Amino acid sequence: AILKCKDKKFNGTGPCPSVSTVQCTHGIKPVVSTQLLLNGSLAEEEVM
Amino acid sequence: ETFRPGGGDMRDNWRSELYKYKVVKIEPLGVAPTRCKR
Amino acid sequence: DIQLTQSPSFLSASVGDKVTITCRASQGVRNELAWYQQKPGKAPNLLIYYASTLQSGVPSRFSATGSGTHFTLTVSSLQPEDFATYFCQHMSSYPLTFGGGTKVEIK
Amino acid sequence: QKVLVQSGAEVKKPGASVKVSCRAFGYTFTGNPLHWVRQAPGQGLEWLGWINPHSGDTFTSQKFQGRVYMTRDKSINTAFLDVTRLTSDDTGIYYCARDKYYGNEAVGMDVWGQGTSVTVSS
Amino acid sequence: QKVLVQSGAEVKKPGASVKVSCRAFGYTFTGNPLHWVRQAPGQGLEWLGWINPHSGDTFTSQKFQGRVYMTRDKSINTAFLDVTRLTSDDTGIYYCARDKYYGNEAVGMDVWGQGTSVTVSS
Amino acid sequence: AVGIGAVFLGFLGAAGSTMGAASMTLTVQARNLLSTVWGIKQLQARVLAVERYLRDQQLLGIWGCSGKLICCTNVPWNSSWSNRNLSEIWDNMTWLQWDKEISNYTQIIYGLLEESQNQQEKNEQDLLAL
Amino acid sequence: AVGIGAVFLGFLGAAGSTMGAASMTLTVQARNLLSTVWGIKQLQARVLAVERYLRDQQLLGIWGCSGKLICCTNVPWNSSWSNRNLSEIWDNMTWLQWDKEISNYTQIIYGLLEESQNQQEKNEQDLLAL
Amino acid sequence: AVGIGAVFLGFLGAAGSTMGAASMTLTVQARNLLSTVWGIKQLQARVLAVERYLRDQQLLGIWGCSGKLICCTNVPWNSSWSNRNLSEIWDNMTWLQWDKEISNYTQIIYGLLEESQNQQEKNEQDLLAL
Ligand SMILES: *[C@@H]1O[C@H](CO)[C@@H](O[C@@H]2O[C@H](CO)[C@@H](O[C@@H]3O[C@H](CO)[C@@H](O)[C@H](O)[C@@H]3O)[C@H](O)[C@H]2NC(C)=O)[C@H](O)[C@H]1NC(C)=O
Ligand SMILES: *[C@@H]1O[C@H](CO)[C@@H](O[C@@H]2O[C@H](CO)[C@@H](O[C@@H]3O[C@H](CO)[C@@H](O)[C@H](O)[C@@H]3O)[C@H](O)[C@H]2NC(C)=O)[C@H](O)[C@H]1NC(C)=O
Ligand SMILES: *[C@@H]1O[C@H](CO)[C@@H](O[C@@H]2O[C@H](CO)[C@@H](O[C@@H]3O[C@H](CO)[C@@H](O)[C@H](O)[C@@H]3O)[C@H](O)[C@H]2NC(C)=O)[C@H](O)[C@H]1NC(C)=O
Ligand SMILES: *[C@@H]1O[C@H](CO)[C@@H](O[C@@H]2O[C@H](CO)[C@@H](O)[C@H](O)[C@H]2NC(C)=O)[C@H](O)[C@H]1NC(C)=O
Ligand SMILES: *[C@@H]1O[C@H](CO)[C@@H](O)[C@H](O)[C@H]1NC(C)=O
């Protein structure tokens, strides 16, 4: 199973109390870039 | 009796190390007579 | 405990002669007996188990018979390397105990 | 191929503790029980107990309970006998012997170790 | 597609043995029983018996027991009839017929072989 | 005599033991039946092991012996398969000799067990209908 | 009439027979389900066959019908799935027509059997607790 | 209060629920265990999943719990494994915490169940012999 952390403001490490199970993730585009992440996902609360 | 060195085929080289080994497949199923009845 | 006695403690015999050694047990053991041979300062070796069966590799000259309390070990034809201590041991009930010790000596 | 090998000889003061090891070769260690016997200098064989390596259950003679302990390590196929409160009467050769153990019952010890000499004096 | 094919015609002396073969096409050989019948020249049909190719069980008419035998080989889908102690009264066409056998019981012979002519004379 | 309990002889340690003794280590043999040149010498062998295990399990299941290591059946022992009495079978012979002896009658016995199981299922269905 | 016993019709010989007759050859179909351009046309197909067989076995097992070919259940036959009476089902119709007819209600019946089996296991555990 | 029946929480929805509630959704987790760079990322993972499922099924079968989701056994609960009473186990704790707690004693319990199943089979065979 793939466990997804729905917790907004999550900094990528530690306990996540808002969890879900997904057959698979959102569509991730393999964007090759340096010094600037392009066409990626945006934080829904604030800069992370 | 005259004996000369030989070789060439490397299967003999492996055979000198695997001579004491063999592979078998387990047959776990069996049928036997017993007084018991279903 | 179960007392296990041997007779004779010491014996003298020549090569080719027959030697009979007697085990006696205070309590009754049906076939729960074993005969052993131990050489001076060396590990013991099994001779008989079940009081009537030779251990694998034992010379056929050895033989033993008896049930209950009286048992006998017979060396039909004595051999030069047959001179050693002999032991007779029970395992019917705890504790296991060995015989006093019978030593066969050349004549 | 069936062989039993013990540790070296031990010299101890009275009241100490001694550990006699016994490792097996040529047979399944868990497949048979191990007797622990001793022979004093010039005396007969005294039986201390025997251990079942598989289940780990042990039996000790009624005259040695609470004094001698037995353990086994299956990962290295070894059997340990721990004798505490040594005295001058405990001197002798300690043997570890594999029982034939046909029919899940004692039959006879057919394989013996080289014997570990333990000495106790002041 | 359902067809039965036998061997060629046979001429034998009295007291000999004759083997009539019957191979099946177009249907599962073990899926139906095989009747063996005979018709003498200018006479009616005489029911010799029938065999089950699957289990190998056979039934012979009471006026033929101990004289005629039946066998089958499933590897080649064939049924053999062995008639011994041939006489001049045994002349005629032997037929091997597949039974419909609906409901695991005789219903009717629908497929017939070409018929093997056996003759007996001195 | 005296004893402490059962001992463990290993994966095939009871191969040389009698049938009565060898029948007490059935689970021992049972449990190890499931578990770029070297890498592809594993994928195709694991599949074969799986197929063999599942063939054995299906063959057991179609007899009504599913989930059982010792299973009695309603098929009588046709004496033509073997004439030995039980006394000389379960106490003076091993399973390898048995498999050597009965190697000719395996498939017919399997089919008999299959048809007997089917008859049993139909009979049970009929009984529960009343 | 006179009979000489049953006969063997083949792997799918009973396909055209009625349900009552076809149910007497279930094992025949059951036992046949498990068994460099050509060599790789075998490995993945064998894997697929194994997965299909195991899916069927798990589906049977989660209903309590494990190791059985004919299995009664505690789920009542909701007549909305089919209105035919038994007399015209088991004696005047084959299994292919049945599969054609009931293709819509398969998964709901499977889920009902699953939940019924779970309830049965819980009830058995409760009963054995006393 | 008023109720309208059970509800469906999903594949692992009952993970955070207590043991009593989680045991009512065992089938939900059970039925989901079986189902050129991307192409070969399938054939090996499917084999691994099949092997894991078959290992679990074999371990269940050698305990006598074949084809069951809740199974009682004859092995007593040696209290050294856990000292908690049932009241605080089945109503105030989830299964993940239990798996955290009892991780040390898994294999010895599995072996005990295996030997108990073997003894049960031998006893059943002895009983049916009379
Ligand atoms: C390997 O084979 C040998 C011999 O074929 C097995 O030894 C035999 O073991 C049986 C029982 O385990 C012994 O039977 C016993 O006989 C005594 C005296 O008659 C009786 O009091 C007992 O109740 C029991 O019936 C048999 O005597 C013995 N034979 C020998 C020559 O020692 C051995 O167990 C086999 N080992 C394995 C691992 O299979
Ligand atoms: C293929 O289909 C035909 C029918 O379309 C099957 O033949 C039918 O078989 C049934 C049972 O074997 C027969 O029923 C019988 O009817 C008689 C007379 O009423 C009765 O006495 C019996 O007790 C039995 O009920 C039915 O008559 C028969 N129909 C015809 C037209 O012959 C045939 O068996 C099917 N083939 C296979 C391989 O299933
Ligand atoms: C997630 O966890 C919470 C609590 O950790 C679960 O809620 C709890 O549910 C139980 C029963 O479902 C409630 O028990 C109740 O206790 C009162 C005591 O007065 C009693 O009167 C009621 O009849 C009932 O037995 C418990 O109160 C409740 N906890 C809270 C804080 O409300 C919740 O169910 C869990 N979620 C899932 C999906 O399992
Ligand atoms: C760049 O960002 C904008 C804003 O986040 C994206 O516009 C959104 O596109 C999604 C499509 O998935 C819509 O659902 C939203 O409503 C749009 N939002 C707005 C404010 O327009 C845009 O698609 C992004 N472009 C790329 C190439 O990533
Ligand atoms: C942010 O990361 C640190 C790294 O240790 C972690 O301790 C902290 O919990 C994270 N923030 C939150 C809100 O969890």
# chains A, B, ... in the order shown; residues from 1 in each chain; ligands from 1
$ residues_around --residues "range 115-122 of chain F" --least-positions-apart "6" --cutoff "8 Å" --atoms "only C-alpha atoms" --output "PyMOL selection string"
(chain F and resi 62-64+74-75) or (chain G and resi 24+26-27+68-71)
$ residues_near_ligand --ligand "ligand 5" --cutoff "10 Å" --atoms "only C-alpha atoms and all ligand atoms" --output "list in words"
residues 7, 8, 9, 10, 11, 12, 13, 14, 15, 16 and 17 of chain A
$ write_last_selection --atoms "N, CA and C atoms" --output "mmCIF file, in the first residue's frame"
data_model
loop_
_atom_site.group_PDB
_atom_site.id
_atom_site.type_symbol
_atom_site.label_atom_id
_atom_site.label_comp_id
_atom_site.auth_asym_id
_atom_site.auth_seq_id
_atom_site.Cartn_x
_atom_site.Cartn_y
_atom_site.Cartn_z
ATOM 1 N N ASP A 7 -1.361 15.886 5.772
ATOM 2 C CA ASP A 7 -1.149 16.983 6.710
ATOM 3 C C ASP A 7 -0.497 18.157 5.994
ATOM 4 N N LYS A 8 -1.230 19.261 5.875
ATOM 5 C CA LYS A 8 -0.639 20.493 5.382
ATOM 6 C C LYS A 8 0.343 21.044 6.412
ATOM 7 N N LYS A 9 1.299 21.834 5.924
ATOM 8 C CA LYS A 9 2.420 22.361 6.701
ATOM 9 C C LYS A 9 3.418 21.275 7.086
ATOM 10 N N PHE A 10 3.276 20.065 6.548
ATOM 11 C CA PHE A 10 4.192 18.980 6.870
ATOM 12 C C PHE A 10 5.538 19.223 6.202
ATOM 13 N N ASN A 11 6.619 19.102 6.978
ATOM 14 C CA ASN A 11 7.963 19.398 6.497
ATOM 15 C C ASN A 11 8.740 18.140 6.117
ATOM 16 N N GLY A 12 8.038 17.059 5.779
ATOM 17 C CA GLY A 12 8.659 15.901 5.175
ATOM 18 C C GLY A 12 9.274 14.898 6.125
ATOM 19 N N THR A 13 9.215 15.131 7.435
ATOM 20 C CA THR A 13 9.814 14.213 8.392
ATOM 21 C C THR A 13 9.011 14.232 9.683
ATOM 22 N N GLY A 14 8.890 13.062 10.309
ATOM 23 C CA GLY A 14 8.264 12.943 11.604
ATOM 24 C C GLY A 14 6.896 12.290 11.546
ATOM 25 N N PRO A 15 6.128 12.408 12.630
ATOM 26 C CA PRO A 15 4.762 11.870 12.615
ATOM 27 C C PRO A 15 3.836 12.702 11.741
ATOM 28 N N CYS A 16 3.011 12.007 10.965
ATOM 29 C CA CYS A 16 1.921 12.601 10.204
ATOM 30 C C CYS A 16 0.613 12.063 10.771
ATOM 31 N N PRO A 17 -0.235 12.883 11.402
ATOM 32 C CA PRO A 17 -1.494 12.365 11.950
ATOM 33 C C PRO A 17 -2.642 12.286 10.956
#
$ residues_near_ligand --ligand "ligand 3" --cutoff "9 Å" --atoms "only C-alpha atoms and all ligand atoms" --output "PDB file with C-alpha atoms, in the first residue's frame"
ATOM      1  CA  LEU H   9     -14.449   2.131   5.682  1.00  0.00           C
ATOM      2  CA  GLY H  13      -9.962   2.173   7.059  1.00  0.00           C
ATOM      3  CA  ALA H  14     -10.196   0.078  10.234  1.00  0.00           C
ATOM      4  CA  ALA H  15      -6.451   0.413  10.920  1.00  0.00           C
ATOM      5  CA  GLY H  16      -7.092   3.102  13.537  1.00  0.00           C
ATOM      6  CA  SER H  17     -10.102   1.293  15.003  1.00  0.00           C
ATOM      7  CA  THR H  18     -10.027  -1.049  17.982  1.00  0.00           C
ATOM      8  CA  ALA H  21     -14.145  -3.221  15.255  1.00  0.00           C
ATOM      9  CA  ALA H  22     -11.146  -4.123  13.080  1.00  0.00           C
ATOM     10  CA  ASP H  91     -11.658  -2.304  23.373  1.00  0.00           C
ATOM     11  CA  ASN H  92      -8.801   0.171  24.018  1.00  0.00           C
ATOM     12  CA  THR H  94      -5.536  -1.288  17.848  1.00  0.00           C
TER      13      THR H  94
END
$ closest_atom_pairs --of "chain F" --to "chain H" --cutoff "10 Å" --atoms "only C-alpha atoms" --output "JSON lines"
{"residue": "F:23", "atom": "CA", "partner": "H:122", "partner_atom": "CA", "distance": 8.7}
{"residue": "F:24", "atom": "CA", "partner": "H:118", "partner_atom": "CA", "distance": 7.1}
{"residue": "F:25", "atom": "CA", "partner": "H:118", "partner_atom": "CA", "distance": 8.2}
{"residue": "F:26", "atom": "CA", "partner": "H:118", "partner_atom": "CA", "distance": 7.8}
{"residue": "F:27", "atom": "CA", "partner": "H:62", "partner_atom": "CA", "distance": 6.7}
{"residue": "F:28", "atom": "CA", "partner": "H:114", "partner_atom": "CA", "distance": 9.0}
{"residue": "F:30", "atom": "CA", "partner": "H:62", "partner_atom": "CA", "distance": 8.3}
{"residue": "F:31", "atom": "CA", "partner": "H:58", "partner_atom": "CA", "distance": 7.3}
{"residue": "F:32", "atom": "CA", "partner": "H:55", "partner_atom": "CA", "distance": 9.8}
{"residue": "F:33", "atom": "CA", "partner": "H:58", "partner_atom": "CA", "distance": 9.6}
{"residue": "F:34", "atom": "CA", "partner": "H:55", "partner_atom": "CA", "distance": 6.9}
{"residue": "F:35", "atom": "CA", "partner": "H:55", "partner_atom": "CA", "distance": 8.3}
{"residue": "F:42", "atom": "CA", "partner": "H:44", "partner_atom": "CA", "distance": 9.9}
{"residue": "F:43", "atom": "CA", "partner": "H:44", "partner_atom": "CA", "distance": 6.9}
{"residue": "F:44", "atom": "CA", "partner": "H:44", "partner_atom": "CA", "distance": 9.8}
{"residue": "F:46", "atom": "CA", "partner": "H:47", "partner_atom": "CA", "distance": 7.9}
{"residue": "F:47", "atom": "CA", "partner": "H:47", "partner_atom": "CA", "distance": 7.1}
{"residue": "F:49", "atom": "CA", "partner": "H:51", "partner_atom": "CA", "distance": 9.9}
{"residue": "F:50", "atom": "CA", "partner": "H:51", "partner_atom": "CA", "distance": 7.5}
{"residue": "F:53", "atom": "CA", "partner": "H:54", "partner_atom": "CA", "distance": 9.3}
{"residue": "F:54", "atom": "CA", "partner": "H:54", "partner_atom": "CA", "distance": 9.0}
{"residue": "F:57", "atom": "CA", "partner": "H:58", "partner_atom": "CA", "distance": 9.7}
{"residue": "F:66", "atom": "CA", "partner": "H:66", "partner_atom": "CA", "distance": 7.9}
{"residue": "F:67", "atom": "CA", "partner": "H:61", "partner_atom": "CA", "distance": 5.1}
{"residue": "F:68", "atom": "CA", "partner": "H:64", "partner_atom": "CA", "distance": 7.2}
{"residue": "F:69", "atom": "CA", "partner": "H:121", "partner_atom": "CA", "distance": 7.0}
{"residue": "F:70", "atom": "CA", "partner": "H:121", "partner_atom": "CA", "distance": 5.9}
{"residue": "F:71", "atom": "CA", "partner": "H:125", "partner_atom": "CA", "distance": 7.5}
{"residue": "F:72", "atom": "CA", "partner": "H:125", "partner_atom": "CA", "distance": 7.2}
$ write_last_selection --atoms "N, CA and C atoms" --output "tab-separated table (two decimals), in the first residue's frame"
chain	number	residue	atom	x	y	z
F	23	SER	N	6.10	-39.94	10.06
F	23	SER	CA	4.82	-39.25	10.02
F	23	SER	C	4.68	-38.19	11.10
F	24	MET	N	5.63	-38.09	12.02
F	24	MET	CA	5.62	-37.06	13.06
F	24	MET	C	6.46	-35.84	12.70
F	25	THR	N	6.99	-35.77	11.48
F	25	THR	CA	7.73	-34.61	11.00
F	25	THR	C	7.18	-34.14	9.66
F	26	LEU	N	5.89	-34.38	9.42
F	26	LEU	CA	5.29	-34.01	8.14
F	26	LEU	C	5.32	-32.50	7.92
F	27	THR	N	4.98	-31.73	8.95
F	27	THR	CA	5.02	-30.27	8.82
F	27	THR	C	6.43	-29.78	8.52
F	28	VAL	N	7.44	-30.47	9.05
F	28	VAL	CA	8.82	-30.05	8.83
F	28	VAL	C	9.15	-30.06	7.35
F	30	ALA	N	6.87	-30.12	5.00
F	30	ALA	CA	5.87	-29.33	4.30
F	30	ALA	C	6.26	-27.86	4.22
F	31	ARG	N	6.81	-27.30	5.30
F	31	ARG	CA	6.92	-25.84	5.39
F	31	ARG	C	8.04	-25.25	4.54
F	32	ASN	N	8.99	-26.04	4.04
F	32	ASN	CA	10.05	-25.54	3.18
F	32	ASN	C	9.81	-25.82	1.71
F	33	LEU	N	8.56	-26.12	1.32
F	33	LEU	CA	8.24	-26.39	-0.07
F	33	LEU	C	7.98	-25.12	-0.88
F	34	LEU	N	7.85	-23.96	-0.22
F	34	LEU	CA	7.67	-22.69	-0.90
F	34	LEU	C	8.89	-21.78	-0.83
F	35	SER	N	9.77	-21.97	0.15
F	35	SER	CA	10.96	-21.14	0.28
F	35	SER	C	11.93	-21.75	1.29
F	42	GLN	N	16.45	-17.33	-11.02
F	42	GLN	CA	15.59	-17.29	-9.85
F	42	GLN	C	14.13	-17.10	-10.20
F	43	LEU	N	13.84	-16.19	-11.14
F	43	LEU	CA	12.45	-15.88	-11.47
F	43	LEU	C	11.73	-17.09	-12.06
F	44	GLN	N	12.40	-17.83	-12.94
F	44	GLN	CA	11.79	-18.98	-13.59
F	44	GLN	C	11.75	-20.22	-12.71
F	46	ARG	N	11.45	-19.98	-9.18
F	46	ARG	CA	10.43	-19.66	-8.19
F	46	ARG	C	9.04	-19.97	-8.72
F	47	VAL	N	8.78	-19.62	-9.98
F	47	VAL	CA	7.49	-19.90	-10.58
F	47	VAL	C	7.24	-21.40	-10.61
F	49	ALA	N	8.49	-23.72	-8.63
F	49	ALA	CA	8.21	-24.16	-7.27
F	49	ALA	C	6.77	-23.84	-6.89
F	50	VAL	N	6.30	-22.64	-7.25
F	50	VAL	CA	4.92	-22.26	-6.95
F	50	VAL	C	3.95	-23.20	-7.66
F	53	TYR	N	3.87	-26.60	-5.87
F	53	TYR	CA	3.15	-26.53	-4.60
F	53	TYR	C	1.65	-26.42	-4.83
F	54	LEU	N	1.23	-25.59	-5.79
F	54	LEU	CA	-0.19	-25.43	-6.05
F	54	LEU	C	-0.80	-26.67	-6.68
F	57	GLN	N	-1.40	-28.88	-3.73
F	57	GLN	CA	-2.53	-28.39	-2.93
F	57	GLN	C	-3.86	-28.65	-3.62
F	66	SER	N	-8.26	-31.13	2.10
F	66	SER	CA	-7.71	-29.78	2.14
F	66	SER	C	-7.38	-29.38	3.57
F	67	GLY	N	-6.25	-28.70	3.73
F	67	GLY	CA	-5.84	-28.23	5.04
F	67	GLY	C	-5.54	-29.32	6.03
F	68	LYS	N	-5.20	-30.52	5.55
F	68	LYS	CA	-4.89	-31.66	6.40
F	68	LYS	C	-3.61	-32.32	5.92
F	69	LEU	N	-2.80	-32.78	6.87
F	69	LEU	CA	-1.56	-33.49	6.57
F	69	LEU	C	-1.71	-35.00	6.66
F	70	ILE	N	-2.60	-35.49	7.51
F	70	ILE	CA	-3.02	-36.88	7.53
F	70	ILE	C	-4.52	-36.89	7.32
F	71	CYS	N	-4.97	-37.59	6.27
F	71	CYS	CA	-6.37	-37.56	5.85
F	71	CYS	C	-6.82	-38.97	5.52
F	72	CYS	N	-7.88	-39.42	6.19
F	72	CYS	CA	-8.52	-40.69	5.88
F	72	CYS	C	-9.57	-40.48	4.79
$ residues_near_ligand --ligand "ligand 4" --cutoff "10 Å" --atoms "only C-alpha atoms and all ligand atoms" --output "ChimeraX atom specification"
/A:29,38-42
$ atom_distance --atom1 "CA of residue 116 in chain D" --atom2 "CA of residue 7 in chain D"
6.7 Å
$ atom_distance --atom1 "CA of residue 82 in chain G" --atom2 "CA of residue 106 in chain G"
12.0 Å
$ residues_around --residues "range 101-107 of chain E" --least-positions-apart "5" --cutoff "7 Å" --atoms "only C-alpha atoms" --output "mmCIF file with N, CA and C atoms, in the first residue's frame"
data_model
loop_
_atom_site.group_PDB
_atom_site.id
_atom_site.type_symbol
_atom_site.label_atom_id
_atom_site.label_comp_id
_atom_site.auth_asym_id
_atom_site.auth_seq_id
_atom_site.Cartn_x
_atom_site.Cartn_y
_atom_site.Cartn_z
ATOM 1 N N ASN E 32 -18.858 -43.212 -24.377
ATOM 2 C CA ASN E 32 -20.028 -44.018 -24.700
ATOM 3 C C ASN E 32 -19.653 -45.491 -24.629
ATOM 4 N N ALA G 1 -34.238 -50.186 -18.214
ATOM 5 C CA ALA G 1 -33.023 -50.338 -19.062
ATOM 6 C C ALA G 1 -31.892 -50.975 -18.262
ATOM 7 N N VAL G 2 -30.721 -51.079 -18.886
ATOM 8 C CA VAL G 2 -29.538 -51.668 -18.276
ATOM 9 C C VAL G 2 -28.379 -50.691 -18.406
ATOM 10 N N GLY G 3 -27.558 -50.613 -17.353
ATOM 11 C CA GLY G 3 -26.392 -49.757 -17.353
ATOM 12 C C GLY G 3 -25.164 -50.522 -16.892
ATOM 13 N N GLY G 5 -22.427 -48.443 -15.588
ATOM 14 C CA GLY G 5 -21.715 -47.443 -14.817
ATOM 15 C C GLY G 5 -21.508 -46.159 -15.600
ATOM 16 N N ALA G 6 -20.765 -45.247 -14.980
ATOM 17 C CA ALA G 6 -20.523 -43.932 -15.549
ATOM 18 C C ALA G 6 -19.499 -44.004 -16.679
#
$ atom_distance --atom1 "atom 30 (C, counted along the ligand's line) of ligand 1" --atom2 "CA of residue 53 in chain C"
7.4 Å
$ select_by_dssp --residues "chain D" --states "strand (DSSP E)" --output "number ranges by chain"
D: 3-6, 10-12, 17-25, 34-39, 45-51, 58-60, 68-73, 78-84, 92-99, 109-112, 116-120
$ write_last_selection --atoms "C-alpha atoms" --output "PDB file, in the first residue's frame"
ATOM      1  CA  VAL D   3      32.392 -36.010  17.054  1.00  0.00           C
ATOM      2  CA  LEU D   4      32.212 -33.936  20.240  1.00  0.00           C
ATOM      3  CA  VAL D   5      34.898 -31.369  21.106  1.00  0.00           C
ATOM      4  CA  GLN D   6      35.214 -29.540  24.435  1.00  0.00           C
ATOM      5  CA  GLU D  10      40.614 -25.938  33.814  1.00  0.00           C
ATOM      6  CA  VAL D  11      42.323 -25.277  37.149  1.00  0.00           C
ATOM      7  CA  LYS D  12      40.217 -23.434  39.725  1.00  0.00           C
ATOM      8  CA  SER D  17      32.693 -21.371  38.899  1.00  0.00           C
ATOM      9  CA  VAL D  18      33.744 -23.430  35.869  1.00  0.00           C
ATOM     10  CA  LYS D  19      32.185 -23.508  32.388  1.00  0.00           C
ATOM     11  CA  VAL D  20      32.724 -26.638  30.274  1.00  0.00           C
ATOM     12  CA  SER D  21      31.814 -26.331  26.590  1.00  0.00           C
ATOM     13  CA  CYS D  22      30.849 -29.089  24.164  1.00  0.00           C
ATOM     14  CA  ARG D  23      30.376 -28.606  20.409  1.00  0.00           C
ATOM     15  CA  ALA D  24      29.005 -31.259  18.055  1.00  0.00           C
ATOM     16  CA  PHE D  25      30.059 -32.270  14.547  1.00  0.00           C
ATOM     17  CA  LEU D  34      23.454 -34.743  25.630  1.00  0.00           C
ATOM     18  CA  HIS D  35      24.502 -36.468  28.848  1.00  0.00           C
ATOM     19  CA  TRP D  36      27.067 -34.818  31.128  1.00  0.00           C
ATOM     20  CA  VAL D  37      29.152 -37.335  33.094  1.00  0.00           C
ATOM     21  CA  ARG D  38      32.336 -37.083  35.139  1.00  0.00           C
ATOM     22  CA  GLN D  39      35.040 -39.548  36.163  1.00  0.00           C
ATOM     23  CA  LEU D  45      31.719 -42.472  36.215  1.00  0.00           C
ATOM     24  CA  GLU D  46      29.315 -40.092  37.972  1.00  0.00           C
ATOM     25  CA  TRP D  47      26.268 -38.924  36.014  1.00  0.00           C
ATOM     26  CA  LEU D  48      25.247 -35.292  36.536  1.00  0.00           C
ATOM     27  CA  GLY D  49      22.329 -34.913  34.141  1.00  0.00           C
ATOM     28  CA  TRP D  50      21.303 -34.548  30.538  1.00  0.00           C
ATOM     29  CA  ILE D  51      19.886 -31.800  28.341  1.00  0.00           C
ATOM     30  CA  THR D  58      17.221 -30.175  31.317  1.00  0.00           C
ATOM     31  CA  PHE D  59      17.409 -32.820  34.018  1.00  0.00           C
ATOM     32  CA  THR D  60      19.931 -32.819  36.858  1.00  0.00           C
ATOM     33  CA  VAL D  68      25.021 -27.280  38.298  1.00  0.00           C
ATOM     34  CA  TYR D  69      23.291 -25.606  35.351  1.00  0.00           C
ATOM     35  CA  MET D  70      23.036 -26.599  31.689  1.00  0.00           C
ATOM     36  CA  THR D  71      22.423 -24.525  28.568  1.00  0.00           C
ATOM     37  CA  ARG D  72      22.781 -24.812  24.801  1.00  0.00           C
ATOM     38  CA  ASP D  73      23.364 -22.497  21.846  1.00  0.00           C
ATOM     39  CA  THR D  78      27.280 -25.935  21.554  1.00  0.00           C
ATOM     40  CA  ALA D  79      26.301 -27.193  25.010  1.00  0.00           C
ATOM     41  CA  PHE D  80      27.508 -25.471  28.190  1.00  0.00           C
ATOM     42  CA  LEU D  81      27.754 -26.991  31.671  1.00  0.00           C
ATOM     43  CA  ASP D  82      28.233 -24.496  34.517  1.00  0.00           C
ATOM     44  CA  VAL D  83      29.444 -25.928  37.837  1.00  0.00           C
ATOM     45  CA  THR D  84      29.448 -23.532  40.797  1.00  0.00           C
ATOM     46  CA  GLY D  92      38.247 -35.245  37.329  1.00  0.00           C
ATOM     47  CA  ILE D  93      37.499 -35.593  33.633  1.00  0.00           C
ATOM     48  CA  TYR D  94      34.127 -34.203  32.526  1.00  0.00           C
ATOM     49  CA  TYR D  95      32.620 -35.871  29.447  1.00  0.00           C
ATOM     50  CA  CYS D  96      29.713 -34.818  27.234  1.00  0.00           C
ATOM     51  CA  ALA D  97      28.082 -37.765  25.476  1.00  0.00           C
ATOM     52  CA  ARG D  98      25.453 -38.062  22.751  1.00  0.00           C
ATOM     53  CA  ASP D  99      22.652 -40.497  23.560  1.00  0.00           C
ATOM     54  CA  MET D 109      25.707 -42.936  24.894  1.00  0.00           C
ATOM     55  CA  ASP D 110      27.695 -43.890  21.785  1.00  0.00           C
ATOM     56  CA  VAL D 111      29.648 -40.695  20.964  1.00  0.00           C
ATOM     57  CA  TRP D 112      31.867 -39.088  23.608  1.00  0.00           C
ATOM     58  CA  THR D 116      37.877 -31.836  29.884  1.00  0.00           C
ATOM     59  CA  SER D 117      40.122 -32.175  32.937  1.00  0.00           C
ATOM     60  CA  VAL D 118      38.948 -29.921  35.789  1.00  0.00           C
ATOM     61  CA  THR D 119      41.127 -29.579  38.896  1.00  0.00           C
ATOM     62  CA  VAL D 120      40.270 -27.914  42.211  1.00  0.00           C
TER      63      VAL D 120
END
